[PDB]
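First, one chain by itself in structure tokens, the form deposited without its partner chain.
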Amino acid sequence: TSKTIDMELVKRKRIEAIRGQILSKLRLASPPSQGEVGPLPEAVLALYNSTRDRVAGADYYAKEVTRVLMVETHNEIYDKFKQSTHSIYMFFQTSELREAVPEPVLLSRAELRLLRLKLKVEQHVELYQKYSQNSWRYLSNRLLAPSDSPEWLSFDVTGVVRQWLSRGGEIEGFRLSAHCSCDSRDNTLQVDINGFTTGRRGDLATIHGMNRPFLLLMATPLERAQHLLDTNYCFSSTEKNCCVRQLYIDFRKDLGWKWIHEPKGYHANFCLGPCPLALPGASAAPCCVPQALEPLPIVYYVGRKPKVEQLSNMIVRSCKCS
């Protein structure tokens, strides 16, 4: 009767809020048209598919998504890196990476994606960044699960691509090689090579044809680009917006407590400010709520025995509207 509609009304409220959320995120005053193009082309479907199932691991405005495939194997130059059975090389032309992203500042997230298909043994791999000529800098670690069905893998390589877009040669790239562990005893050193158990190399990742390694990019488009953990505080913002008000709390002066031996006081902060769609969560009631929270360790005695305990979420480091 009443309550039923009373909730259908609230749902209908956010539908008009999301209608404003999507348009404001796109910097669009009006909904556009369908476009000139039956079914969509497979170049954007593969790009949309690549984005639908994000693996592993947040600006408000929308981000343009583009992918750039690496230069084909047995094409251009593989002369330097021949006969490395346990290492897969990937190289990208910076001219076509700059074609996707006009300026390094626009890039917000870049992730290299590969296609693994092995199902029997796990593979421990490593990722390296090329420096100068044939000098390699370690990036990240990754273990591979024995999945019968192929699953995509991603590597967060944003900071590297931003340096590539800004300067350096036109040919930059990565190197996915096997992880080894070595423990030495009594003048004898054992090397346990892990990952790339099959010498074919083509058994671990897909390197020929379509579905080859590419570099997925997420950047702000240039039309949007115009205008547009770090602590936030109310004095530095110079605005009435939601911020962090610092409040030192003494246990002796404020709470009147004497039982906490350490610390004598701590910087408990709180949020404050009104949240006003052109002016992020698009909820039915935006609030000034904290985002970042640190714990607070304290010391006190319980009878004869002291206790050192940590209280979670006692200090506010950053607020936000939602």
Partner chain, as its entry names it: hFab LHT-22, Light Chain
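Positions refer to the first chain, counted from 1.
A.B. asks: Counting only residues that lack coordinates, how big is the gap in the deposited sequence between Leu279 and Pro280? Pick none, 1 to 3, 4 to 9 or 10 or more.
C.D. replies: Per the deposited record, the segment joining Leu279 and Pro280 lacks coordinates for 4 to 9 residues.
A.B. asks: Does the chain run continuously from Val37 to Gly38, or are deposited residues unmodelled in between? Answer none, 1 to 3, 4 to 9, or 10 or more.
C.D. replies: Going from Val37 to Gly38, the model skips 1 to 3 residues of the deposited sequence.
A.B. asks: For the C-alpha atoms alone, is the average B factor greater in 242-250 or in 72-80, going by the entry?
C.D. replies: That would be 72-80.
A.B. asks: Averaging only over Cα atoms, indicate whether 151-159 or 115-123 has the higher B-factor in the PDB entry.
C.D. replies: Per the PDB record, 115-123.
A.B. asks: For the CA B factor values reported in this entry, which option in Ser135, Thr94, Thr220, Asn141 has the top one?
C.D. replies: Among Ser135, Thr94, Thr220, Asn141, the PDB entry lists the largest C-alpha B-factor for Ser135.
A.B. asks: Can you tell me which of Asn194, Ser177, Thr188, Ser108 has the maximum CA B-factor listed in the PDB entry?
C.D. replies: In the PDB entry, the greatest C-alpha B-factor among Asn194, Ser177, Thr188, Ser108 is found at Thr188.
A.B. asks: Which third of the chain holds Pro263 when residues are ordered by C-alpha B factor: lowest, middle or highest?
C.D. replies: Its C-alpha B-factor belongs to the lowest third of this chain's values.
A.B. asks: Split the chain's modelled residues into thirds by Cα B-factor; is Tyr128 in the lowest, middle or highest one?
C.D. replies: Lowest third - that is where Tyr128 ends up once the chain's C-alpha B-factors are sorted.
A.B. asks: Divide the modelled residues of the chain into thirds by Cα B-factor and specify which third, lowest, middle or highest, holds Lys25.
C.D. replies: Bottom third by C-alpha B-factor.
A.B. asks: Report the third (lowest, middle or highest) to which the CA temperature factor of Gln291 belongs, ranking only the modelled residues of the same chain.
C.D. replies: Lowest third, going by the recorded CA B-factors of the chain.
A.B. asks: Taking the chain's C-alpha temperature factors as the reference, tell me which third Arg52 falls into: lowest, middle or highest.
C.D. replies: For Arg52, the deposited C-alpha B-factor lands in the middle third.
In what follows, reference is made to the form solved in complex with its partner chain, a form of this protein that is not presented.
A.B. asks: Determine whether any heavy atom of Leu165 comes within 4.5 Å of a heavy atom of its partner chain in the deposited bound form, and answer yes or no.
C.D. replies: Result yes; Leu165 sits at the interface with its partner chain in the deposited bound form.
A.B. asks: Applying a 4.5 Å heavy atom distance criterion, does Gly169 contact its partner chain in the deposited bound form?
C.D. replies: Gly169 belongs to the contact set for its partner chain.
A.B. asks: Hey, in the deposited bound form, does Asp148 get a heavy atom within 4.5 angstroms of its partner chain?
C.D. replies: No.
A.B. asks: State yes or no: in the deposited bound form, is some non-hydrogen atom of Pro104 no more than 4.5 angstroms from a non-hydrogen atom of its partner chain?
C.D. replies: Looking in the deposited bound form, residue contacts with its partner chain include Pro104, since a heavy atom lies within 4.5 Å.
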